[PDB]
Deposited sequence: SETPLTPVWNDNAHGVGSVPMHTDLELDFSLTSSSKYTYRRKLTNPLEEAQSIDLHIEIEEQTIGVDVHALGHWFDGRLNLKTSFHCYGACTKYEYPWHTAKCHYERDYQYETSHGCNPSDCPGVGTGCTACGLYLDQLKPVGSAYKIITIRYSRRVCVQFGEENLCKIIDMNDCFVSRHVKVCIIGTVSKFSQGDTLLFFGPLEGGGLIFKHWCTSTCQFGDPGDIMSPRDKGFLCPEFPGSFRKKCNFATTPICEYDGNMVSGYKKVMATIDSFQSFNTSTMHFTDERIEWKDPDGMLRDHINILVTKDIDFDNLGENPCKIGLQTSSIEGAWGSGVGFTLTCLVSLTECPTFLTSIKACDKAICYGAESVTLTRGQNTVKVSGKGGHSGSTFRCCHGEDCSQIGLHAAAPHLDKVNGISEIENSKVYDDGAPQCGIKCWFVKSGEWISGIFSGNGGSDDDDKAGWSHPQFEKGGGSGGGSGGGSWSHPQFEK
């Protein structure tokens, strides 16, 4: 007969038995503080200190680092080993008189990152009497305690999965969003045309045009680099700004200082009688990894297989997560049955050093597994 479920983050309340509601739209890039002494209706000399601190909205973006975009010049040469053979990016036609194209005057202009996942959050700290609790609350999730609920509801449409972020300088400060960075076909002149994915090695663009032998060679395709073409119409692209940036491997976090954006905050307080925590349950979970497949740094992602032991309940509807170092990369909602369970969790993100663990709530397995590299 029981059907325990902890996927509901929130409370049941009797509106007569609640003491304070705060409900407001908050600038995303602003913190908020509330301090009050809760006092009994003139009846008694017993007061409770309430102290709420909501931190500025943070964005966390799981990315694949694409390396550096380059500017360069396309050079045409006529011969009759090509004189230009040491150039990494080249194109040739033999007449049997050799025509060649090669890229030179290469210069890195920026660092590019492919967006895999976008998540917004606020750190929320609540002191109620001698209780003090801080939690990072995802947008569209809730902080739940015995006497205080804090829910954050919002929407942002600035970034999308698949977008490519370009940072030109030591770009704290800001960057550009590209919605059409070249992937499966890179032609000279495209955004993303000339890349170096790591220290060495260029991924060269295609040169779709034709040679002509005139004996002076000509090439009739585009001769302008993607960097120059983008700069020539730079106002066509969307900038964004950043503050207190934190790059880690395959992840970027920052606070967006765009003060036109807002989210909704609801705070409900009950002074005497505790809230009914809708996720309360007696079920106990043990976790370990079994296997993994797929890749980090990949829009396709990975799948972590977990062995999950349920005791103290016949069944338990919950979520098993793939996490490492308190960042979670995936979750699977599942009705567990008493005893052993096998649960597959699909995730995306992470880096070569990530060990993806099976987690429930704030509890994780003792070890995690490494996923494979992308773009092999």
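Not built in the structure, per the record, are deposited positions 1-5, 86-94, 111-129, 248-253, 416-495.
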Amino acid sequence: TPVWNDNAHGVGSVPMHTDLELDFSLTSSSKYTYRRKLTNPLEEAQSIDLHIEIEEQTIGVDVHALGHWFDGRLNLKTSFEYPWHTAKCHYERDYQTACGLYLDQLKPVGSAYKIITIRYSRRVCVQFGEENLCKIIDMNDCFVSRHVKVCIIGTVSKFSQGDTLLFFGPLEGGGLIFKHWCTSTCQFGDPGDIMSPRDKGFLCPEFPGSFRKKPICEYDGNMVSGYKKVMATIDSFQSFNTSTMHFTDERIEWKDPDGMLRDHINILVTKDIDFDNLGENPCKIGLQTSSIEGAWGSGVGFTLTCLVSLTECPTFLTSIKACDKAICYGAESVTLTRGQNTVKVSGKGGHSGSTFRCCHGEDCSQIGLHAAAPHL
From here on, numbers count along this sequence of modelled residues.
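Take the two forms, find the largest set of C-alpha atoms that superpose within 1.5 Å, and that set is the rigid core.
Taking the root mean square of CA deviations in 5 other deposited structures of this protein after fitting on the rigid core, 114-122 and 85-93 differ, and the farther of the two is 85-93. Farther on average from this form in 5 other deposited structures of this protein lies stretch 97-105, the comparison being between 97-105 and 143-151 by RMS Cα distance after core superposition. The PDB entry records a higher mean C-alpha B factor for 131-139 than for its counterpart among 131-139 and 185-193. Per-stretch averaging of Cα B factors for 293-301 and 148-156 places 148-156 on top. In this entry, the residue among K255, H246, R122, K284 with the greatest C-alpha B factor is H246.
Set against one another, the Cα B-factors of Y219, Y227, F237, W84 in the record reach their highest point at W84. Sorting the modelled residues of the chain by their CA temperature factor places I59 in the lowest third. Among the modelled residues of the chain, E332 sits in the lowest third by CA temperature factor in this PDB entry. Among all modelled residues in this chain, the alpha-carbon of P314 has a temperature factor (C-alpha) in the highest third. In the PDB entry, a CA B factor belonging to the highest third of its chain's modelled residues is recorded for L203. The entry lists a Cα temperature factor for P41 that places it in the highest third of the chain's modelled residues.
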